[PDB]
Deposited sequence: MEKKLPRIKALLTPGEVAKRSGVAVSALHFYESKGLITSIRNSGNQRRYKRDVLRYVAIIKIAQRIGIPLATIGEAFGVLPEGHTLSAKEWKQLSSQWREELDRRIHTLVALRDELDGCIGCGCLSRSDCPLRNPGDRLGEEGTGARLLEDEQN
């Protein structure tokens, strides 16, 4: 059967307004019933779930749509997951570089413009 906006909201843990928004930003799809009311394809649950994991990764909605294209496969998941495991990685290396630079500069405090890592990344 098709899910009503309300249901999807409970099983997703997102506001119905959140679903309206995601659809307007084209991250989920709808179908209108005999009374213009939206009805969702179970699949939506998986997407929303993915939207949230993507958010945790620190990925912006626009980009999450930019990855969604415009019906969810096994390949797709592998395409996304990896594409994110990568950023999650780059991002981490970036933060780690900092932590190293930072540890050196703790006994310093000079913050030399032309000579300190922390300042000239």
Missing C-alpha runs, given along the deposited sequence, first residue counted as 1: 1-9, 80-84, 136-154
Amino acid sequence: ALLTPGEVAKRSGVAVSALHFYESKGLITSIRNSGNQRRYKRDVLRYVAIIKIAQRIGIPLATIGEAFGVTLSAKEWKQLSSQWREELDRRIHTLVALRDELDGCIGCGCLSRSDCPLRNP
From here on, numbers count along this sequence of modelled residues.
Segment of higher mean CA temperature factor, 100-108 or 13-21: 100-108
24-32 versus 83-91 - which carries the larger mean C-alpha B factor in the record: 83-91
Given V48, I57, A74, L61, the residue at which the Cα B factor reaches its maximum: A74
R42, C-alpha B-factor rank within chain (lowest, middle or highest third): highest
